[PDB]
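*Asks:* Provided herewith is a single structure, encoded as structure tokens, for subsequent inquiry.
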Amino acid sequence: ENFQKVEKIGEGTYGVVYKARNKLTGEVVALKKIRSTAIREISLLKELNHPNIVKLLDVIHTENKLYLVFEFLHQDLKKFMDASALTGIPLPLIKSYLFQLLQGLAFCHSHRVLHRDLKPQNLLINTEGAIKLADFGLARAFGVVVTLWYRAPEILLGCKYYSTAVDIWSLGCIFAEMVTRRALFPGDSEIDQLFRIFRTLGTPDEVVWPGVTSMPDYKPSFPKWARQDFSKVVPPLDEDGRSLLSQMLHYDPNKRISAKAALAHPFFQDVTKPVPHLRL
Ligand SMILES: Clc1ncnc2[nH]cnc12
């Protein structure tokens, strides 16, 4: 009752998203209609505020249906990439976005909150050059065609107790996609996703990932592929970038770089904040 629905933005991971106007403040928001532990978990996310996290304005439980009211941003990274397809995103903008995302992740991760489902459609961008993580923490609160392209290998191999490393893996994949203008691992099934990772990074074994062979969905029968070079996977990215991406894509989640450690990487020595070129 307190909103006017302006337009259907589309059908997100958990239900429909609407651009809406608050009838008692005039503020324009994103309203997600979600299709009691969940209420408590979600309610805690109202406190998780950071400039690179899309702000959860409010949570409204009524007719025992659930509405999440979020800060509105006019574009996402998926559409920005599609619109930059001919030309590519300039490196300093790639670098700025990656840095800001890592700040967001470092913040949530220092509170033990993970995203678990990062994807370009979840990264929202404004006119001032800011990029922000949307739907943060909703996977744990509500559980999760859905995209597998960004999933870490420990999730695909059936680990129940994965860690903040899963987000760094996703963000690596998005980094590589910004650079190349093609998804890194566009699997169309769980095994196709796994085998696309293995074809690129080599089939993992006990040498690179202690314990891998005891994971729930690991099979001794997986084909055995050798690793390729990152010079072939993300050209023409420079050696700092490739060094960072390689650390974000380590098979072992314990050796994978943390968001905080990544913010200190030399790739970011010369980071700036450009303003993107955006048509709304
Ligand atoms: Cl899907 C979407 N679109 C625009 N703004 C948003 N804020 C949170 N989700 C959003």
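So basically every Cβ, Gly included, is an ideal-geometry build from the backbone, and we count neighbours across all protein chains shown. All of this is worked out from the model, or read from it or from the source named; none is laboratory data.
*Asks:* Determine which member of the set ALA85, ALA30 is surrounded by 15 or more Cβ atoms within 10 Å (Cβ to Cβ) and either not acidic (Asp, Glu) or not assigned by CATH to the domain that holds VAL179 (or both). Give the derivation first.
*Replies:* Details: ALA85 fails: surrounded by 15 or more Cβ atoms within 10 Å (Cβ to Cβ).
Being surrounded by 15 or more Cβ atoms within 10 Å (Cβ to Cβ) and either not acidic (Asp, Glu) or not assigned by CATH to the domain that holds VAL179 (or both) holds for just one of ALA85, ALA30, which is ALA30.
*Asks:* Continuing with the same structure: Anything in the stretch 18-30 that is more than 15 Å from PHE136 (Cα to Cα) and either within 9 Å of the ligand (Cβ to nearest atom) or part of a strand (DSSP E or B) (or both)? List them, or say none.
*Replies:* To start, the set of residues in the stretch 18-30 that are more than 15 Å from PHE136 (Cα to Cα) comprises 18-29.
Of everything in the stretch 18-30, those that are more than 15 Å from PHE136 (Cα to Cα) and either within 9 Å of the ligand (Cβ to nearest atom) or part of a strand (DSSP E or B) (or both) turn out to be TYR18, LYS19, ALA20, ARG21, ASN22, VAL28, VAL29.
*Asks:* Would you check if there is a residue in the stretch 253-264 being in the same structural domain as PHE198 (by CATH), closer than 20 Å to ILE89 by Cβ and not in a helix (DSSP H, G or I)?
*Replies:* Checking the stretch 253-264: not a single residue is in the same structural domain as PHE198 (by CATH), closer than 20 Å to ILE89 by Cβ and not in a helix (DSSP H, G or I).
*Asks:* Which residue, of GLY158, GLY187, is part of a loop (DSSP other than H, G, I, E, B) and at positive phi? Full working, then the answer.
*Replies:* Numbers: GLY187 fails: at positive phi.
Going through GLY158, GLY187 in turn, the sole match is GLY158.
*Asks:* Considering only the stretch 149-166, state which residues are buried (at least 21 other Cβ atoms within 10 Å of the Cβ) and of a type outside the set (A, V, I, L, M, F, W, C).
*Replies:* Listed by number, the residues that qualify are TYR150, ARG151, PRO153, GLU154.
*Asks:* I'd like the residue in the stretch 222-240 that is assigned to a loop (DSSP other than H, G, I, E, B) and charged (D, E, K, R) and, out of all such residues, is farthest from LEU263 (Cα to Cα). First the steps, then the outcome.
*Replies:* Filtering the stretch 222-240 down to residues assigned to a loop (DSSP other than H, G, I, E, B) leaves 222-229, 234-238.
Next cut, charged (D, E, K, R) only: 224, 227, 229, 238.
Details: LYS224: 34, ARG227: 27, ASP229: 24, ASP238: 17 Å.
Looking at residues that are assigned to a loop (DSSP other than H, G, I, E, B) and charged (D, E, K, R), I get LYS224.
*Asks:* Look at the stretch 58-77 and say how many of its residues are within 23 Å of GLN4 (Cβ to Cβ), within 15 Å of the ligand (Cβ to nearest atom) and not in a strand (DSSP E or B).
*Replies:* Residues that pass the stated criteria total 3.
*Asks:* Moving on. Would you call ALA38 under 20 Å from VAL146 (Cβ atoms), hydrophobic (A, V, I, L, M, F, W, C) and either in contact with a helix residue (DSSP H, G or I) (Cβ under 8 Å, 6 or more places away or on another chain) or assigned to a strand (DSSP E or B) (or both)?
*Replies:* Details: under 20 Å from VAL146 (Cβ atoms): yes; hydrophobic (A, V, I, L, M, F, W, C): yes; either in contact with a helix residue (DSSP H, G or I) (Cβ under 8 Å, 6 or more places away or on another chain) or assigned to a strand (DSSP E or B) (or both): yes.
So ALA38 fits the description; yes.
*Asks:* Could you look through the stretch 111-132, keep only residues that are within 15 Å of the ligand (Cβ to nearest atom) and of a type in the set (A, V, I, L, M, F, W, C), and pick out the one that is surrounded by the most Cβ atoms within 10 Å (Cβ to Cβ)?
*Replies:* Within the stretch 111-132, the match that is surrounded by the most Cβ atoms within 10 Å (Cβ to Cβ) is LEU118.
*Asks:* Something else now. Output yes when any residue across the stretch 44-57 is more than 12 Å from the ligand (Cβ to nearest atom), within 23 Å of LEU102 (Cα to Cα) and not in a loop (DSSP other than H, G, I, E, B), and no when none is. Reasoning before the result, please.
*Replies:* As a first pass, look at the stretch 44-57 and keep what is more than 12 Å from the ligand (Cβ to nearest atom): 44-52.
Those left that are additionally within 23 Å of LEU102 (Cα to Cα): 44-52.
Cutting the leftovers down to not in a loop (DSSP other than H, G, I, E, B) gives us 44-45.
Yes, the stretch 44-57 has at least one match.
*Asks:* For the stretch 133-146, indicate whether the set of residues that are of a type outside the set (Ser, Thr, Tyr), assigned to a strand (DSSP E or B) and within 16 Å of the ligand (Cβ to nearest atom) is non-empty.
*Replies:* Taking the stretch 133-146 first, the residues of a type outside the set (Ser, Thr, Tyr) are 133-146.
Within this subset, residues satisfying the condition of being assigned to a strand (DSSP E or B) are 133.
Filter once more, keeping what is within 16 Å of the ligand (Cβ to nearest atom): 133.
For the stretch 133-146, residues of a type outside the set (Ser, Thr, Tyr), assigned to a strand (DSSP E or B) and within 16 Å of the ligand (Cβ to nearest atom): present.
*Asks:* Scan the stretch 54-69 and give yes if some residue there is surrounded by 15 or more Cβ atoms within 10 Å (Cβ to Cβ), under 19 Å from the mean Cα position of the chain (by Cα) and either closer than 25 Å to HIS277 by Cα or assigned by CATH to the domain that holds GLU128 (or both), otherwise no.
*Replies:* Within the stretch 54-69 (the criterion being surrounded by 15 or more Cβ atoms within 10 Å (Cβ to Cβ), under 19 Å from the mean Cα position of the chain (by Cα) and either closer than 25 Å to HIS277 by Cα or assigned by CATH to the domain that holds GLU128 (or both)), the answer is yes, since at least one residue qualifies.
*Asks:* For the stretch 78-89, state whether one or more residues are more than 27 Å from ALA183 (Cα to Cα) and within 13 Å of the ligand (Cβ to nearest atom).
*Replies:* Scanning the stretch 78-89 turns up no residue that is more than 27 Å from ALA183 (Cα to Cα) and within 13 Å of the ligand (Cβ to nearest atom).
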